[PDB]
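Reproduced below: coords.cif, with mmCIF, C-alpha atoms.
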```cif
data_work
#
loop_
_atom_site.label_atom_id
_atom_site.label_comp_id
_atom_site.auth_asym_id
_atom_site.auth_seq_id
_atom_site.Cartn_x
_atom_site.Cartn_y
_atom_site.Cartn_z
CA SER A 1 -26.01 5.65 2.98
CA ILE A 2 -25.24 7.67 -0.17
CA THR A 3 -28.41 7.98 -2.22
CA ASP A 4 -29.42 10.76 0.19
CA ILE A 5 -27.66 13.11 -2.22
CA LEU A 6 -26.13 11.48 -5.29
CA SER A 7 -26.56 10.33 -8.87
CA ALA A 8 -28.17 6.90 -8.62
CA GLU A 9 -27.07 5.71 -12.08
CA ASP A 10 -23.53 7.02 -11.84
CA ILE A 11 -23.33 5.14 -8.58
CA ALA A 12 -23.75 1.78 -10.30
CA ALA A 13 -21.25 2.63 -13.01
CA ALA A 14 -19.05 4.47 -10.53
CA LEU A 15 -19.05 1.37 -8.39
CA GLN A 16 -19.39 -1.34 -11.04
CA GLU A 17 -16.69 0.22 -13.21
CA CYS A 18 -13.51 -1.37 -11.87
CA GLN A 19 -15.00 -2.77 -8.64
CA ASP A 20 -13.31 -5.80 -7.17
CA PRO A 21 -11.62 -6.90 -3.92
CA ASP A 22 -8.54 -4.65 -4.49
CA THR A 23 -9.57 -1.79 -6.85
CA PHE A 24 -11.92 0.56 -4.87
CA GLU A 25 -15.44 -0.71 -4.35
CA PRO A 26 -16.53 2.10 -1.97
CA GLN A 27 -14.34 5.04 -3.02
CA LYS A 28 -15.21 4.58 -6.68
CA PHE A 29 -18.88 4.37 -5.82
CA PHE A 30 -18.65 7.67 -4.00
CA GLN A 31 -16.05 9.58 -6.04
CA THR A 32 -16.97 8.83 -9.63
CA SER A 33 -20.71 9.27 -9.04
CA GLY A 34 -21.14 11.40 -5.93
CA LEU A 35 -18.04 12.66 -4.12
CA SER A 36 -16.63 14.05 -7.39
CA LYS A 37 -18.77 17.20 -6.95
CA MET A 38 -20.46 17.14 -3.54
CA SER A 39 -20.26 19.38 -0.46
CA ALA A 40 -19.01 18.18 2.94
CA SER A 41 -22.47 17.89 4.53
CA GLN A 42 -23.83 15.25 2.15
CA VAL A 43 -20.62 13.38 2.85
CA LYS A 44 -22.08 12.72 6.28
CA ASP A 45 -24.78 10.62 4.66
CA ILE A 46 -22.32 9.14 2.19
CA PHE A 47 -19.89 8.29 5.01
CA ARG A 48 -22.63 5.99 6.24
CA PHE A 49 -21.77 3.71 3.32
CA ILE A 50 -18.77 2.13 5.07
CA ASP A 51 -19.00 1.37 8.81
CA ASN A 52 -21.34 3.45 11.00
CA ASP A 53 -18.91 4.21 13.82
CA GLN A 54 -18.69 1.12 16.00
CA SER A 55 -16.61 2.90 18.64
CA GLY A 56 -16.22 6.47 17.45
CA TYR A 57 -14.47 5.66 14.18
CA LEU A 58 -13.99 3.02 11.54
CA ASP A 59 -10.74 1.08 11.21
CA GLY A 60 -8.98 -1.19 8.76
CA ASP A 61 -9.95 -4.15 10.90
CA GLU A 62 -13.61 -3.29 11.05
CA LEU A 63 -13.86 -1.78 7.57
CA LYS A 64 -14.52 -5.31 6.27
CA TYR A 65 -17.72 -5.39 8.34
CA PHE A 66 -19.15 -2.40 6.45
CA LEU A 67 -21.00 -4.90 4.27
CA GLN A 68 -21.68 -7.18 7.19
CA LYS A 69 -23.46 -4.26 8.83
CA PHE A 70 -26.50 -4.43 6.62
CA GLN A 71 -25.70 -7.51 4.53
CA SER A 72 -24.28 -9.33 7.62
CA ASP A 73 -22.76 -11.79 5.15
CA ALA A 74 -19.98 -9.82 3.45
CA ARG A 75 -16.77 -11.43 2.25
CA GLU A 76 -14.84 -9.21 4.69
CA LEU A 77 -13.36 -6.89 2.12
CA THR A 78 -10.59 -9.46 1.67
CA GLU A 79 -7.06 -8.34 2.41
CA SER A 80 -7.11 -5.87 -0.50
CA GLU A 81 -10.59 -4.22 -0.45
CA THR A 82 -10.12 -2.71 3.00
CA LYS A 83 -7.13 -0.99 1.39
CA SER A 84 -9.65 1.12 -0.46
CA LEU A 85 -11.35 2.10 2.77
CA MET A 86 -8.02 2.35 4.59
CA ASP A 87 -6.76 4.65 1.84
CA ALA A 88 -10.14 6.43 2.05
CA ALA A 89 -8.95 8.95 4.65
CA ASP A 90 -6.81 8.22 7.70
CA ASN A 91 -4.33 5.82 6.12
CA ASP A 92 -0.97 7.54 6.58
CA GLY A 93 -1.27 7.75 10.37
CA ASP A 94 -4.38 6.17 11.87
CA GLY A 95 -5.81 3.53 9.53
CA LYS A 96 -9.27 4.75 10.54
CA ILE A 97 -12.03 6.22 8.40
CA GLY A 98 -14.43 8.49 10.23
CA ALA A 99 -16.99 10.90 8.82
CA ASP A 100 -14.59 13.79 9.46
CA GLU A 101 -11.66 11.86 8.01
CA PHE A 102 -13.84 10.70 5.14
CA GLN A 103 -14.91 14.33 4.56
CA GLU A 104 -11.22 15.24 4.49
CA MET A 105 -10.63 12.94 1.51
CA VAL A 106 -13.40 14.46 -0.63
CA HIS A 107 -12.26 17.88 0.58
CA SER A 108 -8.62 17.05 -0.14
#
```
Translate this file's structure into structure tokens.
Amino acid sequence: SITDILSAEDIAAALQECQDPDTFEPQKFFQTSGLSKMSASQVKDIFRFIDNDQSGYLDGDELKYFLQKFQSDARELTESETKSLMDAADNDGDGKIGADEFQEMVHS
């Protein structure tokens, strides 16, 4: 979902740095460790971190399930955590985070 092409250690720190239900559990994981200096392609694999697609794209509602996808026992990114994901790409006019949208953030 990310380890395809990324620094494994930096991931933990990247994630574990400020992680919490309101700081940036996914974005930090990606950015600090991986996204910071990665091409668009690998982002495809990274993108897989959050939701897979569900119906063509990921959305603020579903974003909480990203953990419930594999861990099927997540906390549901609380009210705040999904903000991270929401703010991850299509936040200003779609509230959805798709691979393309996600790629846009790193490319931004």
### Pick from A:34, A:60, A:65, A:71, whichever lies nearest to residue 95 in chain A using only C-alpha atoms
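Answer, going by the shortest atom-to-atom distance: A:60.
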### Task
Find, counting all atoms listed in the file, the residue in A:18, A:40, A:105, A:46 that gets nearest to residue 3 in chain A.
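Ranking A:18, A:40, A:105, A:46 by distance to residue 3 in chain A, first place goes to A:46.
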### Task
Would you kindly translate the PyMOL selection byres ((chain A and resi 33) around 12) into the concrete residues it picks from this file, as a PyMOL selection string?
chain A and resi 2-3+5-17+26-32+34-38+46
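Using only C-alpha atoms, the shortest contact distance between residue 54 in chain A and any of A:75, A:107, A:83, A:69 is found at A:69.
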### Explicit residues for the PyMOL selection byres ((chain A and resi 87-89) around 10) (as a list in words)
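Applied to this file, the PyMOL selection byres ((chain A and resi 87-89) around 10) selects residues 24, 26, 27, 60, 81, 82, 83, 84, 85, 86, 90, 91, 92, 93, 94, 95, 96, 97, 98, 99, 100, 101, 102, 103, 104, 105, 106 and 108 of chain A.
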